[PDB]
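[1] Experimental structure and its sequence below.
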Amino acid sequence: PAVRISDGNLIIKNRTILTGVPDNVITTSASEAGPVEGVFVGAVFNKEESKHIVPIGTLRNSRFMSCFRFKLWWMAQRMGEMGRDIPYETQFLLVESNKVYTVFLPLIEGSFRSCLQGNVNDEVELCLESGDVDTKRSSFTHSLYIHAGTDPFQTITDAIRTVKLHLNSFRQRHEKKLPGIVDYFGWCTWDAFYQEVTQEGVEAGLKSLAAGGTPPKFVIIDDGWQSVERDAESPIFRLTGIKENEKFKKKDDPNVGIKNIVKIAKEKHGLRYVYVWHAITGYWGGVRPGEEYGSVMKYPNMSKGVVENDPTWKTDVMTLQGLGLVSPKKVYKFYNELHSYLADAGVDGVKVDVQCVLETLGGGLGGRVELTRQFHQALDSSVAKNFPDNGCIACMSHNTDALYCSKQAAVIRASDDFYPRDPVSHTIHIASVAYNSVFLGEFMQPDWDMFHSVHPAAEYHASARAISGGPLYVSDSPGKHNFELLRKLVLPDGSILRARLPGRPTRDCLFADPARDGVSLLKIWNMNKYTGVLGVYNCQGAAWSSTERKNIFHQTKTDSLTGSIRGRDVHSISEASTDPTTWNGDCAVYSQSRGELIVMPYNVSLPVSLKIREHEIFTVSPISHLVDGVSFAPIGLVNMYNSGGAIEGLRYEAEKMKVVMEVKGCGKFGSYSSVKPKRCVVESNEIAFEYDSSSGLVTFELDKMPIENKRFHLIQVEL
Ligand SMILES: OC[C@H]1O[C@@H](O)[C@H](O)[C@@H](O)[C@H]1O
């Protein structure tokens, strides 16, 4: 049976993972298409309760990685060996048997949501909550799912799909429509102006970016454009109407609102998309109590796991001053009127924020899962009507309540905010995004957030954004730009080189905490179509503290650390080979910063050494062997972080000793060749190239962007 409770012990492929499983902890593997290859888990209790907790079993000497909510809104990573180290509010837990990998997915079930928490006795406990006193239950069959396999990433995905086949209440990332913004550079006003943003600031930020040759094709007008008011210390603000405030009304004709800056953005400055920010509850303090939308004051319910990890939530302005919560009966009316107004003004999407609050406001109304479902149901209906390119970015949304009802939305902020003025944040941001994407990336495309192009950590953030697989945008104040940096990310038409997957830790890094263990470098892998990409980060020296309950610096024993890369760290690198059945695993590896090309045989390590807050990017291309002595691998646009993303087509013709490629973009193009090319041809005309006989690096300039909708350079390399 493979995954079974036998005696009081949890056994997986004949390894004990857990011991001492209570007698009340019930399994089942039946489903519509019966044979389930892992197991659903639940529990019978005595009484009708709105909160429950049962140990699943006792976990010892088994490496894990967990993603846990350090705050209501956001997750971060924790590794350990013992059940006691599992944090409160653990929403995703992956266990290594030493070869074999087990995932534990705490689920929503009816009106209940579960998570994992460790206790002092090393038991893994299942915490079950409705977030509502009037919604109570004694027995559950499907509040956890457990599945195991020998590829950690494939194990995760296979489990998620099985959970999806049970619930039918979400879709996986790859089944959703990505809105078009993800293929372009954007800018977001948040760090530029905070809430003091005006339409004149919008226009200035778009002009300053385009002026330097890296034009954003989307903008996020963030928090600060809505009509909000304090109740009639620090007071909370509530939405007073759905239309823009006076900073977004054309100064000349007060009856023309946000339409003005949209039309300026698009017509005058060439933007393809405009998005705006709003809280899932309208604003931070919700909507002002009123008839129109049924808004009535609600006060956040505290839950233990949340409060345990974030004690400041007890005294937070939202918690103490409440929110005007729009009624479930009128929630669709609210989103629709807001979004209809926005869409009729030419807005293409919304960054929907403060999302987890709903788990704390289910008191009257069905509890946490139900309130979440209802709001998202309405939100998704309005989005599909009003923003039909699927214009929704989910923010502050890292709860299982939301994730398991993520049926439509396709982009999710993967971490806590970029914080330009907080030195502790930068290493942590890189770690959180990477680890969180392991799980969040099964649901939606991770968004690794805005960043500053002018900042000590700019390269560190930007390089990470390049290999993220997600939208790429800055929050630069106007005129504070590093265009040399930006050209590494953004082509002259505003298109980017997006990788195809959520960027994730290598197999290598899944169980070794690169923020805390003091020994390991973080390696992040992604794919393009015909290359892999690998980013290496030192992100030691900071993390959330289990004692201080916040992000701090902590002690590190060296500044510099040495790890290594292998072609195969790029987990799916074989999908980039034009001939995987004959491919012997050899890769061309190009160091983006050092500008160095190395041939790396299958399994040969190359050492990499980095001080804290340093990084390196490598493009990893499968070598094709045309004949004995004629070997080749494309690299792409070598002065861009994700160089391989420029290669759209690749074909080998060994009978003619020829390589045929389709390449997007412009700038310097690089390839590995064992021999000096006879000819390099671009659009039928021979072009000059250089060749470094000792590295095999071939180079030539793709001078301009492809000529008119003819999307690609056609390149022939004759060897
Ligand atoms: O107050 C506005 C801000 O809200 C945060 O939750 C969000 O992550 C930021 O990116 C910005 O939108």
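    That came through fine. Residues are numbered from 1 along each chain as shown.
[2] Which of the three states applies to the residue of the chain at minimum distance from the ligand?
    In the chain, no residue comes nearer to the ligand than residue 223, which is 3.6 Å away by C-beta to the nearest ligand atom. For every residue, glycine as well, the C-beta is placed using N, CA and C. Following DSSP: H, G, I helix; E, B strand; the rest coil, the label given to residue 223 is coil.
[3] pretty sure it contacts residue 188?
    No. Using C-beta atoms under 8 Å, residue 223 is not in contact with residue 188, being 10.2 Å away.
[4] Compare neighbour counts for those two and give me the winner.
    residue 188 (26 against 22; other C-beta atoms under 10 Å).
[5] Leaving out the residues flanking it, which one is nearest to the more buried one?
    Sequence neighbours aside, residue 220 is the residue nearest to residue 188 in space, at 3.9 Å (criterion: C-beta to C-beta, 6 or more residues apart in numbering).
[6] could you pull out the helices for the stretch 351-500 of the chain?
    Taking DSSP state H, counting those that start in this stretch as the criterion, the stretch 351-500 of the chain contains helices spanning 367-386, 400-403, 425-440, 458-466, 483-486.
[7] One more: the chain?
    Counting by DSSP state H, the chain has these helices, from start to end: 152-167, 190-193, 199-211, 259-263, 304-309, 317-321, 331-344, 367-386, 400-403, 425-440, 458-466, 483-486.
[8] which one of the ones you listed is the most hemmed in?
    helix 425-440 (a mean of 26; mean count of other C-beta atoms under 10 Å).
[9] quick one: that one near the ligand?
    No. Judged by C-beta under 6 Å from any ligand atom, helix 425-440 and the ligand are separated, with a smallest distance of 11.8 Å.
[10] quick one on the thing from earlier: if the residue nearest to residue 188 is in a bridge, with which residues?
    In this structure, residue 220 bridges to residue 188, residue 275 when assessed by DSSP bridges.
[11] Residue 344 versus that one, what's the distance?
    With distances taken as C-beta to C-beta, to the nearest Å, residue 220 is found 19 Å from residue 344.
[12] coming back round to it: let me see the contact set for the residue nearest to residue 188.
    By C-beta atoms under 8 Å, 6 or more residues apart in numbering, the residues touching residue 220 are 186, 187, 188, 189, 190, 275, 276, 277, 351, 393, 473.
[13] How many neighbouring residues does the second one have?
    For residue 187, the neighbour count with other C-beta under 10 Å is 27.
[14] If we ignore the residues flanking it in sequence, what's nearest it?
    Nearest one to residue 187, counting by C-beta to C-beta, 6+ apart, is residue 216 at 4.4 Å.
[15] Would you agree that neighbour is in contact with residue 270?
    No. Using C-beta under 8 Å as the test, residue 216 is too far from residue 270 to be in contact (9.4 Å).
[16] Next, show the common contact partners of these two.
    residue 210.
[17] Comparing those two, which residue is more hemmed in?
    Shown here are residue 216 and residue 270; by other C-beta under 10 Å, residue 216 has more neighbours (28 against 14).
[18] before we move on, the earlier item: how much space is there between the residue nearest to residue 188 and residue 271?
    Distance, residue 220 to residue 271, using C-beta to C-beta: 11 Å.
[19] okay, now the closest residue to residue 337 other than its chain neighbours: neighbour count?
    The spatial neighbour of residue 337 that comes closest, neighbours along the chain excluded (C-beta to C-beta, 6+ apart), is residue 242 at 5.6 Å. Close neighbours of residue 242, defined as other C-beta under 10 Å, add up to 21.
[20] these two touch, right, residue 242 and residue 344?
    No. Here residue 242 does not reach residue 344: they are 11.7 Å apart, not a contact under C-beta under 8 Å.
[21] what number of residues lie near the residue lying closest to residue 59 once chain neighbours are set aside?
    Nearest non-adjacent residue to residue 59, counting by C-beta to C-beta, 6+ apart: residue 83, 3.8 Å away. When neighbours are defined as other C-beta under 10 Å, residue 83 has 25 of them.
[22] Also residue 507?
    16.
[23] In contact with it, which residues are there?
    Counted by C-beta under 8 Å, 6+ apart, residue 507 has contacts 152, 569, 571.
[24] Flag every residue of this structure that's near the ligand.
    Residues of the chain lying near the ligand by C-beta under 6 Å from any ligand atom: 190, 222, 223, 277, 353, 395, 396, 417.
[25] Next, format those residues as CSV and append distance to residue 177.
    Shown next, in CSV, are the residues of the chain next to the ligand (distance: C-beta to C-beta, whole Å):
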residue, distance to residue 177
190, 25
222, 23
223, 26
277, 21
353, 21
395, 19
396, 23
417, 26
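[26] Return the member of those residues nearest to residue 74.
    Of all these, residue 74 sits closest to residue 396, with 7.0 Å by C-beta to C-beta.
[27] The closest one contacts residue 75, correct?
    No. Assessed by C-beta under 8 Å, residue 396 is found out of contact with residue 75, at 11.2 Å.
[28] Comparing those two, which shows the higher neighbour count?
    Legend: neighbour count by other C-beta under 10 Å for residue 396 and residue 75, higher for residue 75 (26 against 21).
[29] State which strand of the chain is the longest.
    strand 137-149 (DSSP state E).
[30] Distance of residue 441 relative to residue 94?
    Distance from residue 441 to residue 94, counting by C-beta to C-beta: 14 Å.
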